[PDB]
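Undergrad: coords please:
(2 chains)
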Amino acid sequence: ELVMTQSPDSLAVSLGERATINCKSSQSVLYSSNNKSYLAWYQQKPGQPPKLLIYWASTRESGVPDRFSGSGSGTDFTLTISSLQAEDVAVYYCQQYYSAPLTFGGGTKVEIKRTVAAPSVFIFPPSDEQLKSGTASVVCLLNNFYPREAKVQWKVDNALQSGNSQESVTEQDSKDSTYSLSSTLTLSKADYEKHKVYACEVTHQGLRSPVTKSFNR
Amino acid sequence: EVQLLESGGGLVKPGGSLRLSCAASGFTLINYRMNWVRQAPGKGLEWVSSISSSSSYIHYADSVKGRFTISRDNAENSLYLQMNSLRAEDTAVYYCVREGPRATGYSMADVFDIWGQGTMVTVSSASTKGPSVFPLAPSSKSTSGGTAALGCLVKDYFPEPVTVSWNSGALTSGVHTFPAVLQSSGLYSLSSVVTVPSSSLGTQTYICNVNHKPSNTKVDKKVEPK
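TA: Numbers count the residues shown, from 1 in each chain, chains lettered A, B, ... in the order given. Sure, the structure comes next:
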């Protein structure tokens, strides 16, 4: 079974700069006669099927912008995107279609390198609809920041919380290259009413110092 | 115009079975070798099975052998995967895919050049649970400068996926729908937010459309200001 090994696992490149990804197969995929290498590259964007970019190592699919190009032969290949665009952020997969079973590399994640950007912070108290059923979710939103890493800390009545929250981060935005983050504090209606001041404290390299959004109830 | 419309999938118990199907439009199945490829939540791509035009040459990945039957109906321009004796490890998104035109019967292969939207398959002992959809009301505390944030909390559902649209597809700009997170209950929760002009809050109606196929939950929550 051919094993496809991509490198690096992850790559971050400034807009318009050059992104190169590597594919190394355990055996040669160069077919004597036709002398073609049976290797392809695919692009996968969050929540979509892979899209074909390159076949036979170096031929662009119909409609694929010429900034995309593949090189190599036999065992070593590279995909290069000469000038990276915001919308080129995706996971890139090489695949050998030389011998069965057909196999894929583990994928390389291509992100953009932007300048640091501060998050907009919003807080949402629980709905009446949800309180009517004994649960209280408080949602904190960090909108359009960079880099990805941000620290969200909930303080109920100044009491630093833990074990009662989940967060989630979007994939890099395909226009402004930022991230957004959603953190949810969950309490039983009971615990929610035994306190007044709900607070979200955000820490992030775009902020001169931690920022706090809160409310009372 | 040239595409593969997939149906089937969903929740199934271990040991249970499920049938996927794919309909091609914009081209004729007869000419191409057809495959199924799967991708498990968070991981890479795994070829599952292939079927030559005449059904004379059929192959399966090792992990699947004995349990999966691929079949093809050129007249109906359709492709099928019958999955039996399903296991936790078969949980994934399944895509039907067309192999490029240089692929014939038992020849050298071609590239996977056309992919369906994919169908999620979840093999689990747990019964399905539909989400509760709660509003995230825009307020002075979800407002910055001229723009306000509103959204929906889609809470406690199983399994994935849940789809969220805003105003029946009309509203797409500013929309951030977050990846589900697993709670302690072992259920999923997910939230979708949009940012819109504060000015419009009083006049523009904002609705999120939540669909959870597995539990037959179609919810349309209207989100109200202050």
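Undergrad: So what's the residue count around the nearest residue in space to residue A:198 that is not next to it in sequence?
TA: Excluding its sequence neighbours, the residue lying closest to residue A:198 (CB to CB, 6 or more residues apart in numbering or on different chains) is residue A:138, at 5.4 Å. (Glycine included, C-beta is placed from N, CA and C.) Neighbour count of residue A:138, defined by other CB atoms under 10 Å in any protein chain shown: 24.
Undergrad: Please parse chain A into its domains.
TA: A:1-113, A:114-217 (curated CATH domains).
Undergrad: now chain B
TA: For chain B, curated CATH domains gives the domain ranges B:1-125, B:126-226.
Undergrad: okay if I get the ones you listed as TSV plus mean neighbour count and distance to residue A:78?
TA: Compiled in TSV, the domains of chain B are given as follows (neighbours: other CB atoms under 10 Å in any protein chain shown; distance: least, CB to CB, whole Å):
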stretch	mean neighbour count	distance to residue A:78
domain B:1-125	18	18
domain B:126-226	18	30
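Undergrad: Which single residue of chain B ends up nearest chain A?
TA: residue B:115 (3.7 Å; CB to the nearest CB).
Undergrad: partner residues bridging that residue?
TA: Going by DSSP bridges, residue B:115 is paired in beta bridges with residue B:97.
Undergrad: dump the residue contacts of it.
TA: By CB atoms under 8 Å, 6 or more residues apart in numbering or on different chains, the residues touching residue B:115 are A:49-51, B:4, B:37, B:95-98.
Undergrad: Mind picking the two most distant members of the residues you listed?
TA: Greatest spacing in the contacts of residue B:115, by CB to CB: A:51 and B:96 (15.2 Å).
Undergrad: Run a quick neighbour tally on the closest residue to chain B within chain A.
TA: Here chain A gets closest to chain B at one residue, residue A:49, 3.7 Å apart by CB to the nearest CB. Residue A:49: 22 surrounding residues under other CB under 10 Å.
Undergrad: I'd guessed it sits against residue B:117; true?
TA: Yes: here residue A:49 reaches residue B:117: they are 6.4 Å apart, a contact under CB atoms under 8 Å.
Undergrad: Quick check: neighbours shared by those two?
TA: residue B:95.
Undergrad: Show me the residue at the heart of chain A, geometrically.
TA: The structure's chain A has its C-alpha centroid closest to residue A:171; by CA atoms, centre = their mean the separation is 3.8 Å.
Undergrad: Assign residue A:80 to helix, strand or coil.
TA: Following DSSP: H, G, I helix; E, B strand; the rest coil, residue A:80 is assigned to strand.
Undergrad: Kindly report the same for residue B:103.
TA: Taking three-state DSSP as the rule, one finds residue B:103 in the coil state.
Undergrad: Now it: closest residue in space that isn't a chain neighbour?
TA: Residue B:103's closest residue in space is residue B:110 (CB to CB, 6+ apart), at 3.9 Å.
Undergrad: can I assume the one you found sits in a helix?
TA: No: counting by three-state DSSP, residue B:110 falls outside a helix, being coil.
Undergrad: Contact partners for it?
TA: A:55, A:97, B:33, B:99-103 are the contacts of residue B:110 under CB under 8 Å, 6+ apart.
Undergrad: Take these and write them to JSON lines, including distance to residue B:69.
TA: Output for the contacts of residue B:110, formatted as JSON lines (distance: CB to CB, whole Å):
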{"residue": "A:55", "distance to residue B:69": "29"}
{"residue": "A:97", "distance to residue B:69": "23"}
{"residue": "B:33", "distance to residue B:69": "17"}
{"residue": "B:99", "distance to residue B:69": "19"}
{"residue": "B:100", "distance to residue B:69": "24"}
{"residue": "B:101", "distance to residue B:69": "26"}
{"residue": "B:102", "distance to residue B:69": "26"}
{"residue": "B:103", "distance to residue B:69": "21"}
